[PDB]
Structure formats: structure tokens, C-alpha cells
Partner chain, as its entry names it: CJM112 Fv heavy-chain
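A single chain comes next, written as C-alpha cells; it is the form deposited without the partner chain.
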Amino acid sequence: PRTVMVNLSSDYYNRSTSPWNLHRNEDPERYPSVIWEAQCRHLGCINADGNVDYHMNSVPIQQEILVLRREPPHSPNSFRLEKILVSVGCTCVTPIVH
């Protein structure tokens, strides 16, 4: 509740064994307003033969990022620090570890 002052292209989604697409999360009451989130194309991964292999899975890698939300609502130069969860990319996971 402490308010202070503060001074104000990649194509792996298409070349990965666990590809994904970008979703455009937009919130005008948020900085940054536009965040690109990842959603995997397939359940499995692409094997050497180029098919969807279901011995492995495509899962999103999710991180927590700091964002600024306008507090009070619809009020510039005034923000509340927030912590949201976004999907940055998809990776391929196997059930066997060696």
C-alpha cells in the first residue's frame, strides 16, 4: 500500500520442435498494454520425420512478469505494481530422463 515515485521478430515459434502461436493480450489500463503470449500448436512435438510425435508433449513455459496497472482506474501518472503470469514459449517434454 506504499506509493512512491519512479522514473519512466523472433521466429522460434515456427522453427521449434514444439511450435506455438502468439496471442495478443491487450489491456489499455496496463503497461505494457500489448503482451504476446504463446500457445502451443500441437499436443506432441515434431520428430525427425516431421510428424507429430506423441511420445513427447508441447508445454508452455510460463513466467511471472511485473506490470503496471493504472490505479485508480482510468488515471494516468498513477499505477499499482502488479504480478501476472504469461506464456513466453513452448518447449518439448519427454517422460524419460537419462
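Positions refer to the first chain, counted from 1.
Student: Please classify the unmodelled stretch of the deposited sequence between residue 96 and residue 97: none, 1 to 3, 4 to 9, or 10 or more residues.
Tutor: Count of unmodelled residues in between: none.
Student: Which is higher in the entry, the mean Cα B factor of 23-31 or that of 59-67?
Tutor: That would be 23-31.
Student: May I ask you to compare 34-42 and 68-76 by their mean CA B factor in the entry and name the higher one?
Tutor: Going by the record's values, the stretch with the higher mean is 68-76.
Student: Within this chain's modelled residues, let me know which third the CA B factor of residue 81 belongs to: lowest, middle or highest.
Tutor: Tercile = highest for this residue's CA B-factor.
There is also a form deposited with the partner chain bound; it is not shown, and the following applies to it.
Student: Would you mind checking 15-32 for residues with a heavy atom within 4.5 Å of the partner chain in the entry with it bound?
Tutor: Counting only heavy atoms within 4.5 Å of the partner chain in the entry with it bound, the contacting residues of 15-32 are 23, 24, 26, 27, 28, 29.
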